[PDB]
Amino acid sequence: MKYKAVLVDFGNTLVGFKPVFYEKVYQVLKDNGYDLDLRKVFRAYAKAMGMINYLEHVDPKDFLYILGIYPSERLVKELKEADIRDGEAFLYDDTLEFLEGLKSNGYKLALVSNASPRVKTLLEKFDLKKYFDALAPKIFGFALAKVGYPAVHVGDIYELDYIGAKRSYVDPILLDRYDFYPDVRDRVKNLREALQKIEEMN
């Protein structure tokens, strides 16, 4: 096997996030002239999940920032009314299957992520921890060294890694669940496709 190891991101990769009252958030954006469907809402909301200064609770200005939308006095008010700070995590359908599949086909797996206490809880909750040979910023290269290389990084926007001597030790796969990167090809839209690309790659 060319690739010993797969590194995987957390949000928009294994686990999604949405506001609890997503249909209300959807309706507020639309009322202010941004008709986006719910995939676009969920994409941005999981990114906003990462900018919260640590009890999860996204800030509505961060969510607009990720969306490229200007923080109207009013929009922000209506989003607060919509209870945007209350979110939920959900597991993608294909996640357990993907992880089990890679593991049982001889790959070592590392998780690459930020907010450890929240992420730990959710790893516990969805019973994802058992799959990982390493949990990983600079804990990155320790994780990489542990699981071995060359490795493949599956991510929703972790993009290109830069550990290595002559050559990058990590080749990326862009996983785009929400059709946000139509101008990137070689992208995959779910972890079935991601597994097939991995298999093609070696």
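Residue indices: 1-based, along the sequence shown.
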**Asked** Do any residues of the deposited sequence lie unmodelled between residue 136 and residue 137, and which range holds their number: none, 1 to 3, 4 to 9, or 10 or more?
**Response** 10 or more
**Message:** Gap size between residue 54 and residue 55, counting deposited residues with no coordinates: none, 1 to 3, 4 to 9, or 10 or more?
**Reply:** 4 to 9
**Asked** Which wins on mean Cα temperature factor, 164 to 172 or 137 to 145?
**Response** 137 to 145
**Item:** Out of 184, 15, 20, 191, highest CA B-factor residue
**Value:** 184
**Item:** Ranked against its chain, the third holding the CA B-factor of residue 151
**Value:** middle
**Message:** For the chain shown, is the CA B-factor of residue 70 in the lowest, middle or highest third of its modelled residues?
**Reply:** highest
**residue 29 CA temperature factor, ranked by third within the chain** = middle
**Item:** Chain third (lowest, middle, highest) by recorded CA B-factor, residue given as residue 105
**Value:** middle
**Request:** Would you mind checking where the Cα B-factor of residue 64 ranks among the modelled residues of its chain, as the lowest, middle or highest third?
**Result:** middle
